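Geometric and topological summary
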Amino acid sequence: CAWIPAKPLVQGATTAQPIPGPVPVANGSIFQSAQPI
Amino acid sequence: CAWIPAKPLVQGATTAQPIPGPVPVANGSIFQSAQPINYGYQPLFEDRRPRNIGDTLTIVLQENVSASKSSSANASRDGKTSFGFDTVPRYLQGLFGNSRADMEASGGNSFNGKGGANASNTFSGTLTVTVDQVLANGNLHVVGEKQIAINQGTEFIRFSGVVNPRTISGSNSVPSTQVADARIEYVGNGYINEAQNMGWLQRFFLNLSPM
Amino acid sequence: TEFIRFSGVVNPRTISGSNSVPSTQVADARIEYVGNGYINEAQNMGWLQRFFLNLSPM
Amino acid sequence: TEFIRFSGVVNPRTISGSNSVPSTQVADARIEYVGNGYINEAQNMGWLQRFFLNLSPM
Amino acid sequence: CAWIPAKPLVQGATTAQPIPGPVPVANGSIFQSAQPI
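- Regarding how it was determined, this PDB entry cites cryo-EM in its header, along with a resolution of 3.0 Å.

- The title given to this entry in the Protein Data Bank is "Cryo-EM structure of the LP ring within the flagellar motor-hook complex in the CCW state".

- Under the annotation held in the PDB entry, chain B carries the name Flagellar L-ring protein.
- The heading Function in the UniProt record of chain B holds the text "Assembles around the rod to form the L-ring and probably protects the motor/basal body from shearing forces during rotation."
- Reading the Sequence similarities entry of the UniProt record for chain B gives the comment "Belongs to the FlgH family."

Below you can see the structure in the form of structure tokens.
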């Protein structure tokens, strides 16, 4: 009865790969902000 | 049964060979930096919070729920009646003589019902989760899993929810009661878990037996 | 279900600063405290007992 | 499942600074506290007992 | 008897997706207020 396939409570992926960030613009500044929310 | 090939919990290689470093450029400087990984604007006095997808956040699981209810009702009613003309006078022996009115009756009714229920649950632990979605209002959807294999089994602690960034403390930690859609799971496998499942026949009699 | 009913005549000068008046300052005080359900039905004498209470010689 | 229902008429000047008023300051107070499920079904008299409570002589 | 389908007490959805906010107007101000209630 413990061998019956079951759906977990937290479905899906339990990890997220950090997304690489945008390439800085060529404006002469060190501060570069990604697409602001 | 212990000779059956099995896949470990931490699959893959458990070691990494340091990669040799780039050959320094011939610019007349001692400081030489390998291909730099840029991470974007990082604040200096703002607390270390998860901001993007992939950032990690510590959840202090502390759940303590205890609900209860109880009720009762009762009723009772007792009655006795009696009349005895032990010595009937002669002028009244036609109305009360020969026990024509002598009576004795009794009655009783009782009822006592009661009921109640109670539920409780507790959880205490610490789990690091990862932000896998940033919502329109800035709230972070977080998911996480910890797997521990001790001796003869495997335990999985999974967590999921929505965390408001302003609830995260200075140590990048938030109690589990501040997560909106908290999904907390603590399961295991192996014969230790198989020993806590009711037998199919017992689990059928629990549902289909009359009493 | 329990019903608490009240009726009467209140003189305004007896009402305190908290808009309250004791029930002994109401002229035609009609106070009722009744209930229904089997709890109330258990406190009514049986018809035969209630008849013997009135018609039995002693 | 338990249901707690309330109804009545509240005078605004009785409401405290914390937006709260005791239930004894509500004019037509209708307070109900009921439940369902087998816990409630266990507190109802059996139909035959509820009939003998009303129709038995004593 | 526990397998009988039942309607929960809190029916409906138990979550709300934050709605994306209006696009700021081009008036030269940083303060932008959505349709005020």
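1. Re the overall build of chain B
- For chain B, the helix and strand inventory stands at 2 helices and 6 strands.
- Going residue by residue from the N terminus, the α and β elements of chain B occur as β-β-β-β-β-β-α-α.
- Within chain B, the proportion of its 211 residues that are buried is 24%.
- Put simply, 63% of the contacts in chain B that link residues at least 6 apart link residues at least 24 apart.
- Split by element, the accessible area of chain B, about 15,700 Å² in all, is 53% carbon and sulfur.
- Side chains of chain B carry 15 positive and 14 negative charges; the gap between the two charge centres is 4 Å.

2. Section: the layout of surface pockets
- Roughly 1,800 Å³ of internal volume is contained in the second largest pocket.
- Looking at the second largest pocket, it is lined by 40 residues, and the ones nearest its centre are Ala 34 of chain A together with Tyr 39, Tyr 41, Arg 51 and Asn 52 of chain B.
- Among the residues making up the lining of the second largest pocket, the classes are represented as 22 nonpolar, 12 polar and 6 charged.

3. Here's the deal with unusual backbone geometry
- The phi dihedral of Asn 151 of chain B is positive, around 65 degrees, even though this residue is not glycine.
- Its place among the elements puts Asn 151 of chain B in the loop between β3 (140-148) and β4 (154-163).
- For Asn 151 of chain B, a relative accessible area of 72% corresponds to the exposed category.
- Not every positive phi belongs to a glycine, and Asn 19 of chain D is a case in point at roughly 55 degrees.
- Here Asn 19 of chain D shows up in the loop between β1 (2-7) and β2 (30-35).

4. Here's the deal with the arrangement of the chains
- Contact between chain A and chain C is absent, and the minimum C-alpha spacing across the pair is 44 Å.
- A gap remains between chain A and chain E, which never touch, and the nearest two C-alpha atoms on either side lie 10 Å apart.

5. Details of the sheet that holds strand β2 (residues 103-134) of chain B
- Reading across the sheet, the 6 strands line up as β5-β1-β2-β3-β4-β6 (chain B) and stay open at both edges, with mixed pairing between neighbours. At either margin of the open sheet sits one strand with a lone partner, and together these are β5 (173-175) and β6 (183-189) of chain B. Across the sheet, the mean angle separating the axes of adjacent strands is 25 degrees when strand polarity is ignored.
- Note that β4 of chain B and β6 of chain B share 7 bridges and pair antiparallel. Residue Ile 157 of chain B lies in a different strand from β6 of chain B, and its bridge partner there is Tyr 186 of chain B.
- This element, helix α2 (residues 47-55) of chain D, spans β1 (56-83) and β2 of chain B of the sheet and lies at about 140 degrees to β2 of chain B.

6. Focus: the nonpolar core
Residues and elements named next belong to chain B.
- In this structure, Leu 57, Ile 59, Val 129, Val 142, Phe 159 and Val 163 are the most contacted members of the largest nonpolar core, which totals 15 residues.
- Looking at this core, the elements with two or more residues in it are β1, β2, β3 and β4.
- Examining the composition of this core, we find that 4 residues originate from one element, β2, more than from any other.
- Other than its neighbours up to four places away in sequence, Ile 59 contacts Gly 125, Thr 126, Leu 127, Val 129, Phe 159, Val 163, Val 174 and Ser 176.

7. Here's the deal with the packing of aromatic side chains
All names here are of chain B.
- Under the criterion given, the structure shown has 7 aromatic pairs over all chains.
- With a centroid separation of 5.9 Å and 75 degrees between ring planes, the pair formed by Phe 83 and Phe 85 is classed as edge-to-face.
- You can call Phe 85 partly exposed: its relative accessible area is 24%.
- In textbook terms, an aromatic cluster arises when at least three aromatic residues are bridged by ring pairs, as seen for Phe 83, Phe 85 and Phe 96.

8. Focus on the interface of chain A and chain B
- Across the boundary between the two partners, chain A contributes 16 residues, which contact 21 residues of chain B.
- Roughly 1,400 Å² is buried in total at the junction of chain A and chain B, and carbon and sulfur atoms are behind 67% of that figure.
- Counting across the interface, chain A meets chain B through 0 salt bridges.
- Its residues assigned to classes, the side of chain A that touches chain B shows 12 nonpolar, 4 polar and no charged.

9. Things to note about the state of the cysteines
- Under the criterion given, the structure shown has 0 disulfides over all chains.
- Free of any disulfide, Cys 1 of chain A has its nearest neighbouring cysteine sulfur in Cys 1 of chain B, separated by 20 Å.
- The exposure class assigned to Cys 1 of chain A is exposed, which follows from its relative accessible area of 56%.
- For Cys 1 of chain B, a relative accessible area of 92% corresponds to the exposed category.

Thresholds applied
Residues numbered from 1 in each chain as written, not as in the entry; some residues may be left out. Chains lettered and ligands numbered in written order. Part of a larger assembly, values for the part shown. Heavy atoms only, no water. UniProt positions renumbered as here; feature names shortened; annotations may be inferred. Helix = DSSP H or I, 4+ residues; strand = E, 2+ residues; numbered from the N terminus. Buried < 20%, exposed > 50% of the residue type's maximum accessible area, 1.4 Å probe, protein only. Contact = heavy atoms within 4.5 Å. Areas by Shrake-Rupley, 256 points an atom, 1.4 Å probe, with all protein chains shown as cover. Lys, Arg positive; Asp, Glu negative; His and termini not counted. Charge placed at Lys NZ, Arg CZ, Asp CG, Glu CD. 1 Å grid on protein atoms, 1.4 Å probe; cavity = no way out; pocket = protein on both sides within 12 Å on 5 of 7 lines; lining within 4 Å. Points joined across faces, edges and corners; volume = space filled by probe spheres on them. Nonpolar A, V, L, I, M, F, W, Y, C, P; charged D, E, K, R; others polar. Pairing = 2+ DSSP bridges. Axes fitted to C-alpha atoms, helices over the stretch in contact; angles between N-to-C directions. Core = buried A, V, L, I, M, F, W, Y, C linked by side-chain atoms within 4.5 Å. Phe/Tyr/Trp six-rings, centres within 6.5 Å; stacked < 30°, edge-to-face > 60°. Buried area = accessible area lost by both parts, 1.4 Å probe. Salt bridge = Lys/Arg side-chain N within 4 Å of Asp/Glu carboxyl O. Disulfide = S-S within 2.5 Å.

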